[PDB]
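Enquirer: Those protein sequence lines, which keep their order, are chains A, B, C, D, E, F, G, H, I and J.
Counting in PDB author numbering, the first sequence runs from 872 upward without gaps.
Counting in PDB author numbering, the second sequence runs from 29 upward without gaps.
Counting in PDB author numbering, the third sequence runs from 29 upward without gaps.
Counting in PDB author numbering, the fourth sequence runs from 12 upward without gaps.
Counting in PDB author numbering, the fifth sequence runs from 12 upward without gaps.
Counting in PDB author numbering, the sixth sequence runs from 37 upward without gaps.
Counting in PDB author numbering, the seventh sequence runs from 40 upward without gaps.
FYI, in PDB author numbering the residues of the eighth sequence are 1020 to 1030, 1047 to 1068.
Counting in PDB author numbering, the ninth sequence runs from 15 upward without gaps.
Counting in PDB author numbering, the tenth sequence runs from 17 upward without gaps.
The beta-carbon is built from N, C-alpha and C at its ideal position, and this holds for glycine as well.
The following block contains the structure, expressed as structure tokens.
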Amino acid sequence: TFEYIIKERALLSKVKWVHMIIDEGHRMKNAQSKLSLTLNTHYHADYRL
Amino acid sequence: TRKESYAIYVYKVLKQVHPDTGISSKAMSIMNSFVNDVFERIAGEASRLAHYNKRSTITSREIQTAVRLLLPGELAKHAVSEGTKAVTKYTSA
Amino acid sequence: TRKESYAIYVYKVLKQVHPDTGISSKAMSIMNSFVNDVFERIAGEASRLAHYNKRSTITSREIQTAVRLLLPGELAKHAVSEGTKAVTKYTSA
Amino acid sequence: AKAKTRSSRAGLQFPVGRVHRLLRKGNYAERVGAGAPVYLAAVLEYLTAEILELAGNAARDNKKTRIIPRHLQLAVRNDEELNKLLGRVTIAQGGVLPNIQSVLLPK
Amino acid sequence: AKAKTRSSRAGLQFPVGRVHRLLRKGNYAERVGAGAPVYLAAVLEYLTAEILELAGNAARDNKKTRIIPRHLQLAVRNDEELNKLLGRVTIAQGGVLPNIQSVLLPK
Amino acid sequence: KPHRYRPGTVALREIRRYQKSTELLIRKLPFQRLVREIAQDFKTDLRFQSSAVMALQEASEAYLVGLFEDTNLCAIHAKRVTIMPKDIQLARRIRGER
Amino acid sequence: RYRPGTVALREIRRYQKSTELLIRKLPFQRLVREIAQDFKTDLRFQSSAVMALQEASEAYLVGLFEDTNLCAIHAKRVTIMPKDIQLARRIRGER
Amino acid sequence: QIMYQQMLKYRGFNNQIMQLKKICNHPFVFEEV
Amino acid sequence: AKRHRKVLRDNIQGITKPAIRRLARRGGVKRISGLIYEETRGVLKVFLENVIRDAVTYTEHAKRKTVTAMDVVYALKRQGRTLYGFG
Amino acid sequence: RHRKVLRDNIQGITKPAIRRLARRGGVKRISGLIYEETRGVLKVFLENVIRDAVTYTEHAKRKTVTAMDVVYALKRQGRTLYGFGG
DNA sequence: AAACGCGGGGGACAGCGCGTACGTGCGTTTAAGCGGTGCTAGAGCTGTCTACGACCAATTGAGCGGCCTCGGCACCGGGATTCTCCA
DNA sequence: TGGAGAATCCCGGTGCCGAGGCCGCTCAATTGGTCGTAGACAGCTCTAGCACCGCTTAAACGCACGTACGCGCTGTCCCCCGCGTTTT
């Protein structure tokens, strides 16, 4: 979920991801918010959607 | 040497206010010690405010703020009146 | 918009004094406040002396008098000497 | 030209033109709006009225028709906002007000 | 001519003509005797050294190379003459020196 | 071996660590709401510097801490470790507040 | 004769019924020459600077004795002790 | 509807959008009302 | 309750009794009386108000609506609580 | 050729003067621990003014003492007193 | 006055009692605060602008220093009053 | 609850120096013209304070309770002052 990749950035972002699926991009709307830049701490997503 | 003495004007206020009672020159010296002391307290405060507004002007609004911040209760508010009112008398005369 | 502050000057005296210790900008701001703070303290004391004796040329003699008065103990006598020291470097230069 | 003071113009006794001369000669600001001297000397007249009342009051309470500094002590310090306002301002030969400590006095 | 700052003439970091400019600005006197700004910038750099000394002292005493206001509290308030002179100056994010009352300590 | 203490014991490390640390001891939304409430009570509708909020808080909690020392000075002076409000008001008295 | 203790309070009346100082004056002027001559000598001693400080001294001391008994009666004593005075001056910020 | 004109005649902050959305649903969202 | 909320306390009392306990431990209290948590709060707000009224007085003489930490400097210095790190 | 220098008239300020002023300050049983506990503390008051006030004198280029610089120092210490001009 | 004593009895002080309080622990939430929005407000930046007392010339009576009292209040004599300490 | 006495307050006679006004004589305080300039005040912009809720969750709060200390009560001894002293 949204805030549980925020608080859990130290574990599930250390393991690698290839295909990520993020749902409901209307909360993804602001780049000033906390959520978007943490997916670069998620560090990899070769396929995205 | 005309040294601006404050016996006569404070004594004019005494003959206005408690005219039955005179004033000892020890007490009159307390008043004469009071005068420019108080005249410079709020004046230094007000020039500080004049640089808080960063102004080379000072109006009666600045003395009004010197009354507004500092004086306890109606001693402010009457001087909010009085300080303006004789200003209102001086803007009338 | 180059606006004269004391951040690189407190940095100058820092790396003159504690180059082994960098600064937080909070401590830098505390000192930048403090600079103008005592810069106003001693110089308002000096203008107070310049009205005590009704003088219009405040020299380093008068800042010496203010350093004599305000500062407790060595803080006087050091700023007596140090406040003279670069004075003797500038009266030379 | 015509020497005529501002105290009658504002209804005061204190020389508001001396206030304006001291105001320009006080360097509080460059432009010295002459209403600021009047806002000064007005509060001067008003508080001199405030204090001479109390001073002659304490005098006549001490059966005196001359204000002595003891009457200034009884004038100022009995007022709560004057003593709150003049917590560190003193009247010479005002003396002390009669007050014994409570458990010091017998009960 | 150019800004060739007057602190280099005095061996200082604080430009003594900015100080002379400030003394001409601060309404302290009509003539600002040109050693009064050097007295000022000299006492200034003396105290800058005074406090940057104890500041780096307390900062590296806390094993940090960054001087913080907590270090400023623990260096300044430990001093007799400084905290005696600055009994009413508060340091934000300075906090307290670590110390307990003696009888509140358990036995 | 359990460690239930008697009324009195646990406090002192906090008395260490608070004074070992350098922070405030207050819920800030009840504090910033206090700032907006009190400042509204003089004149409503301010835009509100939170810098002003902490600039008040630092002088606040320091003065708060400062009063409790003289409170316990009056308390232990009156031979007490349980502080009383009369210690506080006498402390404010000799401090000149009361 | 009498007991220890009784005739204090009318003094606390009378002194505070009155306006004066309660101190020897040739020791006062000699103490002024004493203390002002210690910093710089050769002062020609106006009595204005002599008497100008006694109100600043004695009244504040009188105020201190009230705080003294405030700490003494808060600690429940009237035989006042300097523990009360220095705890007061602590909370006064003198001590 | 008096609250539409009277509370707008008051004209704290951010209330002018908030108060009219409220009173058309309930007056009881306001505690004093 | 669930029909209407009504769950507010205060802002002076929004400071919690464990927060008063926290400050009392930083201030040197061993056993706090229960009356301390409110006699503390009263004098806390007493201290609070006098600054900000004159800070708003600054704000009006400086013709503003944003009461600043600059005004906290302007006041606390003059109200004897001079603070470093805010000006 | 006579050097007039005085020292410690604070005992010429008597202990009966303390039995006066302690009553003026509201003390009943002035213990023996008090009377000289007073006489030091006020002396802390005593030099600190004149330490600054003599400091006024020499920049003023003088060899006398006025109460003007007493007022300068007292107001400089926040010990404002009237009866003396101002 | 100071100054030196000096009964003298109760005030400090010790100290013991007692009982409760106030933390303490821990169960119970809970509002704290964080993000996270959405926006907009007055702050902020400029944009000219003129008026404003500056400043200085003239003047002039203000007001206060030096010059005239005489009287509010202190000083004292005598007595009435009124608080206190031993019956 | 009461008188003896010591302190206080009050009231009558004296007189005086200080409070207050008198008499010039300015000098400062004013009026009279600037004087650009200071802040007067128009526009602009943009930001920065703005609430707000999603939500957590640990802080606050809910309460059992345990005893500590703060006072309940005492005797004392002490201790400091009061009465008497004189000198300084």
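By Cβ distance, which residues of its chain are closer than 7 Å to G:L60, with the 5 residues on each side in sequence left out?
Expert: Mapped onto the seventh sequence, residue 60 of chain G falls at position 21. Answer for G:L60: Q93 and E97, listed in chain order.
Enquirer: In the DSSP assignment, find the unbroken beta strand (DSSP E) run with I:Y98 in it and report its ends.
Expert: Residue 98 of chain I sits at position 84 when you count from the first residue of the ninth sequence. Counting along the chain, the beta strand (DSSP E) containing I:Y98 begins and ends at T96 to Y98.
Enquirer: In this structure, how does DSSP classify B:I86 when only helix, strand and coil are distinguished?
Expert: Taking the first residue of the second sequence as position 1, residue 86 of chain B is located at position 58. Strand at B:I86.
Enquirer: Who are the Cβ neighbours of G:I124 in its own chain at under 6 Å, not counting the five residues just before and after it?
Expert: Looking up residue 124 of chain G in the seventh sequence gives position 85. Counting only Cβ-Cβ distances below 6 Å, and skipping sequence neighbours, we find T107.
Enquirer: Whole angstroms is fine: what's the gap from B:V95's alpha carbon to B:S75's?
Expert: Residue numbering aside, residue 95 of chain B sits at position 67 when the second sequence is read from its first letter. Residue numbering aside, residue 75 of chain B sits at position 47 when the second sequence is read from its first letter. About 14 Å.
Enquirer: Can you check the stretch 25-71 of chain I for any alpha helix (DSSP H) of at least 4 residues that lies completely inside it and give the ranges in chain order?
Expert: Within the stretch 25-71 of chain I, the complete alpha helix (DSSP H) runs of at least 4 residues are 31-41.
Enquirer: Buried or exposed: D:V100, going by 16 or more other Cβ atoms within 10 Å of its Cβ?
Expert: Taking the first residue of the fourth sequence as position 1, residue 100 of chain D is located at position 89. Buried, by the Cβ-count rule.
Enquirer: Measure the C-alpha to C-alpha separation of I:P32 and I:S47 and round it to an integer number of angstroms.
Expert: As a first step, residue 32 of chain I must be located in the ninth sequence, where it is residue number 18. As a first step, residue 47 of chain I must be located in the ninth sequence, where it is residue number 33. About 13 Å.
Enquirer: What do you get for E:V43, buried or exposed, if any count of 16 or more other CB atoms within 10 angstroms of its CB means buried?
Expert: Here residue 43 of chain E corresponds to residue number 32 of the fifth sequence, with the count starting at 1. Buried, since its Cβ has 16 or more Cβ neighbours within 10 Å.
Enquirer: Would you verify that the beta carbon of J:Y72 is, or is not, closer than 8 Å to some beta carbon of chain B?
Expert: Here residue 72 of chain J refers to the residue found at position 56 when the tenth sequence is read from its first residue. Closer than 8 Å: no.
Enquirer: For J:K77, would you say it is in contact with chain G, using Cβ-to-Cβ distances shorter than 8 Å as the test?
Expert: The residue labelled residue 77 of chain J in the question sits at position 61 within the tenth sequence. It does not: the Cβ of J:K77 has no partner Cβ on chain G nearer than 8 Å.
Enquirer: Pull out every residue of the stretch 85-118 of chain E whose Cβ sits closer than 7 Å to any Cβ of chain C, in chain order.
Expert: Residues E92, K95, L96, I102 and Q104.
Enquirer: Excluding the 5 residues flanking F:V71 on each side, which residues of the same chain have their C-beta closer than 8 Å to its C-beta?
Expert: Locating residue 71 of chain F in the sixth sequence gives position 35, where the first residue counts as 1. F84, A88, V89 and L92.
Enquirer: Answer yes or no: does any C-beta atom of chain F fall closer than 8 Å to that of G:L126?
Expert: One-based indexing of the seventh sequence puts residue 126 of chain G at position 87. Yes - at least one Cβ of chain F is within 8 Å of the one on G:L126.
Enquirer: Does the distance from the C-beta atom of E:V54 to that of C:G50 stay below 8 Å?
Expert: The sequence position of residue 54 of chain E within the fifth sequence is 43, counting from 1. The sequence position of residue 50 of chain C within the third sequence is 22, counting from 1. No, these two residues do not count as a Cβ contact at 8 Å.
Enquirer: Report the residues of the stretch 31-49 of chain J with a CB closer than 7 Å to any CB of chain D, ordered along the chain.
Expert: Result list: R40, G42 and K44.
Enquirer: At a Cβ cut of 9 Å, what residues of the stretch 89-100 of chain F count as close to chain G, listed as they run along the chain?
Expert: Residues: none.
Enquirer: Determine the DSSP secondary structure at F:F84, reduced to helix, strand or coil.
Expert: Here the question's residue 84 of chain F lines up with position 48 in the sixth sequence. Looking at F:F84 - three-state DSSP - the assignment turns out to be strand.
Enquirer: List the residues of chain G whose Cβ lies closer than 9 Å to the Cβ of F:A114, in chain order.
Expert: On the sixth sequence, residue 114 of chain F is found 78 positions in, with the first residue counted as 1. Residues of chain G passing the Cβ test: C110, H113, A114 and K115.
Enquirer: Out of B:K40, B:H79 and B:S33, state which residue places its alpha-carbon closest to the alpha-carbon of D:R29.
Expert: Walking along the fourth sequence from the start, residue 29 of chain D turns up at place 18. Ranking the options by Cα distance to D:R29, first place goes to B:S33.
Enquirer: I want to see whether chain H comes within less than 8 Å of F:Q68, judged by CB atoms only; does it?
Expert: As a position in the sixth sequence, residue 68 of chain F is number 32, starting the count at 1. Chain H, which has no Cβ nearer than 8 Å to the Cβ of F:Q68, makes this no.
Enquirer: Using a cut-off of 9 Å between C-beta atoms, extract the partners of F:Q85 located in chain H.
Expert: For the purposes of this step, residue 85 of chain F is identified with residue 49 of the sixth sequence, where counting begins at 1. In chain order: nothing, as chain H lies at least about 14 Å away.
Enquirer: Roughly how many angstroms separate the alpha carbons of I:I26 and I:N64, rounded to a whole number?
Expert: Translated into the one-based positions of the ninth sequence, residue 26 of chain I becomes position 12. Translated into the one-based positions of the ninth sequence, residue 64 of chain I becomes position 50. Straight-line Cα distance between these residues: approximately 15 Å.
Enquirer: Using only CA atoms, which one of D:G105, D:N73 and D:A52 lies nearest to D:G22?
Expert: Locating residue 22 of chain D in the fourth sequence gives position 11, counting from the first residue. When only C-alpha atoms are compared, the closest one is D:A52.
Enquirer: Starting from G:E133, find everything on chain D with Cβ-Cβ shorter than 9 Å and list it in chain order.
Expert: Stepping through the seventh sequence from its first residue, residue 133 of chain G is reached at position 94. The contacting residues do not exist; G:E133 stays about 15 Å from chain D at best.
Enquirer: Taking 8 Å as the threshold, find out whether the stretch 110-120 of chain G comes into contact with the stretch 109-118 of chain F through three or more Cβ pairs.
Expert: The answer is yes - the stretch 109-118 of chain F touches the stretch 110-120 of chain G, with three or more Cβ pairs under 8 Å.
Enquirer: Which word fits C:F62, buried or exposed, when buried means at least 16 other C-beta atoms lie within 10 angstroms of its C-beta?
Expert: Working through the third sequence from its first residue, we reach residue 62 of chain C at position 34. Under this definition C:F62 is a buried residue.
Enquirer: Would G:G44 be called buried (16 or more neighbouring beta carbons within 10 Å of its own) or exposed?
Expert: Sequence index remark: in the seventh sequence, residue 44 of chain G carries index 5 (1-based). Under this definition G:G44 is an exposed residue.
Enquirer: Can you tell me where the beta strand (DSSP E) holding E:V100 begins and where it ends?
Expert: In the fifth sequence, the residue the question calls residue 100 of chain E occupies position 89. E:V100 -> beta strand (DSSP E) spans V100 to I102.
Enquirer: Within 10 Å of its beta-carbon, does J:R17 have 16 or more other beta-carbons around it, so buried, or fewer, so exposed?
Expert: For this step, residue 17 of chain J is matched to residue 1 along the tenth sequence. Classification for J:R17: exposed.
Enquirer: Do you know how far the Cα of F:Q76 is from the Cα of H:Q1054?
Expert: If you number the eighth sequence from 1, residue 1054 of chain H lands on position 19. If you number the sixth sequence from 1, residue 76 of chain F lands on position 40. Taking the straight line joining both Cα atoms gives about 19 Å.
Enquirer: Hey, how far is the Cα of C:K113 from the Cα of I:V87?
Expert: The residue labelled residue 113 of chain C in the question sits at position 85 within the third sequence. The residue labelled residue 87 of chain I in the question sits at position 73 within the ninth sequence. Roughly 34 Å between the two C-alpha positions.
Enquirer: Can you tell me whether D:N94 is buried or exposed, with buried defined as 16 or more other CB within 10 angstroms of its CB?
Expert: As a first step, residue 94 of chain D must be located in the fourth sequence, where it is residue number 83. Exposed, since its Cβ has fewer than 16 Cβ neighbours within 10 Å.
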